[PDB]
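Chemist: Build the 3D model from these lines:
(2 chains)
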Amino acid sequence: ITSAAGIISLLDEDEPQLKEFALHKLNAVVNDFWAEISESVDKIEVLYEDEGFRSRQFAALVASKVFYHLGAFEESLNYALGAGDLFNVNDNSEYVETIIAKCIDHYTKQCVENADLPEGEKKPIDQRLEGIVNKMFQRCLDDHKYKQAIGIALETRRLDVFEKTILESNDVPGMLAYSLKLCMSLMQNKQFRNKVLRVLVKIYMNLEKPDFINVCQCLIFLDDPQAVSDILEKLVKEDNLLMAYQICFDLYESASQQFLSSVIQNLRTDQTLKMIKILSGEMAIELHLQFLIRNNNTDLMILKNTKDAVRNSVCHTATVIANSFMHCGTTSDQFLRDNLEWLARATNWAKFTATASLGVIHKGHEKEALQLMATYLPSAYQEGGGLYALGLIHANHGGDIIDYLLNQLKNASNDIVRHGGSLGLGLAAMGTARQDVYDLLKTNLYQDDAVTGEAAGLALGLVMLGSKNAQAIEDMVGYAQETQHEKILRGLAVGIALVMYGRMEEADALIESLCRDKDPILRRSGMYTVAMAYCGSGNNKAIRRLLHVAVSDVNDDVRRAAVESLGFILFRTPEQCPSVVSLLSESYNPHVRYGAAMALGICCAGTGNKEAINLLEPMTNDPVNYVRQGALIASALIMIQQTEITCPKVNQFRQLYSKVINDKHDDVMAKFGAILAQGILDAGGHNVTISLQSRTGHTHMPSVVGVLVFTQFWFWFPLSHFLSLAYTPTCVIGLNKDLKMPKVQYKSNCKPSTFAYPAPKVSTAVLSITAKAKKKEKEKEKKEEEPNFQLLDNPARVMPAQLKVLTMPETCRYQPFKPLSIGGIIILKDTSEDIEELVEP
Amino acid sequence: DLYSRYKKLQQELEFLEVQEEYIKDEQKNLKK
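Modeler: Numbering: from 1, shown residues only, chains lettered A, B, ... in the order given. Please see the structure below:
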């Protein structure tokens, strides 16, 4: 029966063996009678408290079990850890499972604390805690799949057991890539990110064949230009080349300009010149330009039926940029040449906009562009806009062109010319961190010429983009709270926002200072700065800050910016974005609604979510006009390069755009948003897409920068062309050798059908006798009597959502070597001799 | 997989908490 617990009195004796027997019996019967031993408490504890007792460990185990039954695990862990061996190593009972779970929770919390302060100040860890933790690690390792020990380790830092897990049998190294995914998806500690990446690259290096793609995509985060430079050097000296060519191509497609400049500088300290040429991006830019030119197809019919619908309002400017979006990087000014009287029908800043559109059409033309800009436009507005457009062409790719703009700013009329020249110089020298350009733009800002300073702020932000120069931010803010001309404040807003791009918590004191500043433009700038500093990673602290500002602040502009920052904060996880903004879209004030629409447009890039589309469906009927314009622009941005089979609202939204643009009594801003949406939907001739994410899951800094300064068009129309930096070509290039583009034939896996390029009186009844007449006429009349795939060549455009439905050209003699499951540029593994089919148009 | 589920759940819980806090603030402002 065992219905009594008088054995506890055996602990009250003095002989040791009595206490040992009582402790053993209690441990045997803890699971049932914990009610009585709950009152013993101290009598057991003193047994462990005395050092001279023989079996203090058994007493500690009994007390731990009793406390666990009570529920106060914070002491059950202590008393279990105090006991040794038989305490938990049995790993058999549910009590053991609970104790190990709780103690390893304590261990991981303590590991986080130690990682916070690793400067010797880190608190010590009981060696028994480490022992049970790594015993659990080894048990779950030798037990089954090792994809749980890795997660526990990266939770508790513990890079040693991480390396042990990956370096053990590990089944296949594929899980390593899975770990990499975790390292880039479900962790926000940059300090831990560095160590995890270093471990990953070391593990890649010690393999028989290092995974060059993974190590390069880790080193781009690690910011080690000399490391990847010597990696390329040893790859070349290993007679590999092809993989080095690839690694360079993804390096340019993902890494920042300064990283590539440092890499080429280190390489400068036969094959090496080719390496430098493709690292500078000449070949990549030429290939992208060739793909855009050859695959250019813009439906001028929609532009025709729009240009006859404009009532000579200001919307012409929007059309001026809309076709530009449809002709970005396609060098196709066919509409501009064909329709020229209306091109000249607009002047003042519209001339600036037209020249900017002409330049942005000729995006990435490189050597030709210098004389090309003069050919069409050889008038302060004209020259300023030409300088701005030349800056547009060489976006992040200026080089010697920078020098031109440099001198082209010194000889300026201190007017619109200076504004355009500064904007172009800042755009082209994006992130170059050159001291001379910074000093010249600082002088331009100090000129205090309103519009000139307005452009100088953006230029100084672009040149200092993500630089975190203390001098830069100091001078910028010192001018920010010293000058009038609120336009210059608007420029300096984005200027200081861009200097802190993606820096995370590198300096949040500036965000606090900007949010606490009295000037409303300064608070708007603070929200923009938090958006730029926390791009990608959905840091909930920053999202909470901006939501609180958007809900509590009094200025409508800062609320708009705070809501718009949601896109910049959540583009990496587009699913969460409609959830939060499901109701931001229904505020009592319309500014928050516009911010909600813009955030919806920014966060999900081109995903056919059909949830953001659903939210924007009724909002485009809002009585307020500018919220309708923002909704139209956002719906266009989310719905680029999509069709009816992809989502059932593309044709409906196209005809809605037409029916609002052709309307006459609607607000000018509503039709402005309509034509902007028309330009965005078919932007780039159905050949480019906007995506802040890169191919390898990296954040594309030019894309986010450009979309931010495009959303900054409420205060300045000329900034709209900046959206050009957000487009990425949706192409895959069949380049095998250094200069060969063989006609390799590969198909797709389109299941149901094909998709992609979309589109190119009354009679009265008189029922008296009409029925009889018709029936007798009827008697008189009686008396009278799909593919599933497409063959493609080297410059083949592939939809971003269709990047996984391709087929390996195994039927062809030549098959690629790089994993062909994503867009960009790939390599082709060339088979045996008799190589032919050379294409070079 | 299991760790992925755990991290999904943590992130979703934090996001829901942020949304709830914003709702309480906006309810207060709407009452005002």
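Chemist: can you list the residues of chain B near chain A?
Modeler: B:1-4, B:6-7, B:11, B:14-15, B:17-19, B:21-22, B:25-26, B:29-30 (Cβ under 8 Å from any Cβ of the partner chain). Using the backbone N, CA and C atoms, a C-beta is placed for each residue, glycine as well.
Chemist: Now that we have those, which of them are buried?
Modeler: Among these, those scoring as buried are B:3, B:7, B:11, B:14-15, B:18-19, B:22, B:26 (criterion: 16 or more other Cβ atoms under 10 Å in any protein chain shown).
Chemist: all helices for chain B, in order.
Modeler: Per DSSP state H, chain B carries helices over the ranges B:2-31.
Chemist: In it, which residue is most central in space?
Modeler: Geometric centre of chain B, nearest residue: residue B:16, 1.7 Å, by Cα atoms, centre = their mean.
Chemist: In three-state terms, label the nearest residue to residue A:713 once chain neighbours are set aside for me.
Modeler: Nearest non-adjacent residue to residue A:713, counting by Cβ to Cβ, 6 or more residues apart in numbering or on different chains: residue A:720, 4.8 Å away. Classification of residue A:720 by DSSP: H, G, I helix; E, B strand; the rest coil places it in helix.
Chemist: my read: residue A:720 touches residue A:321, true?
Modeler: Yes: the criterion here is Cβ atoms under 8 Å, and residue A:720 meets it with residue A:321 at 5.0 Å.
Chemist: what do those two both touch?
Modeler: Common neighbours of residue A:720 and residue A:321 (criterion: Cβ atoms under 8 Å, 6 or more residues apart in numbering or on different chains): A:353, A:676.
Chemist: Please report phi then psi for residue A:689.
Modeler: Backbone torsions for residue A:689, taken as degrees, to the nearest 10, come to phi -130, psi 150.
Chemist: Go ahead and confirm it touches residue A:606.
Modeler: Yes: look at residue A:689 against residue A:606 with Cβ under 8 Å: they come within range, at 5.4 Å.
Chemist: Whichever residue of the stretch 101-250 of chain A sits closest to chain B: what's it in contact with?
Modeler: Nearest residue of the stretch 101-250 of chain A to chain B (Cβ to the nearest Cβ) works out as residue A:151 at 3.2 Å. Residues in contact with residue A:151 (Cβ under 8 Å, 6+ apart) are A:182, B:2-3, B:6.
Chemist: ok, and residue A:732, which helix or strand is that part of?
Modeler: For residue A:732, the element it lies in under DSSP states H and E is strand A:731-734.
Chemist: Could you point out the helix or strand that follows that strand?
Modeler: Next element after strand A:731-734 (DSSP H and E): helix A:770-784.
Chemist: The next helix or strand after that following helix - which strands sit beside it in the sheet, and in what orientation?
Modeler: Note on helix A:770-784: by DSSP H and E, the next helix or strand toward the C-terminus is strand A:795-797. Within its sheet, strand A:795-797 is paired with strand A:731-734 (antiparallel), according to DSSP bridges.
Chemist: and the buried ones among the residues of chain B next to chain A as JSON lines, adding distance to residue A:24?
Modeler: JSON lines is the format used below for these (distance: Cβ to Cβ, whole Å):
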{"residue": "B:3", "distance to residue A:24": "39"}
{"residue": "B:7", "distance to residue A:24": "43"}
{"residue": "B:11", "distance to residue A:24": "47"}
{"residue": "B:14", "distance to residue A:24": "47"}
{"residue": "B:15", "distance to residue A:24": "51"}
{"residue": "B:18", "distance to residue A:24": "52"}
{"residue": "B:19", "distance to residue A:24": "54"}
{"residue": "B:22", "distance to residue A:24": "57"}
{"residue": "B:26", "distance to residue A:24": "62"}
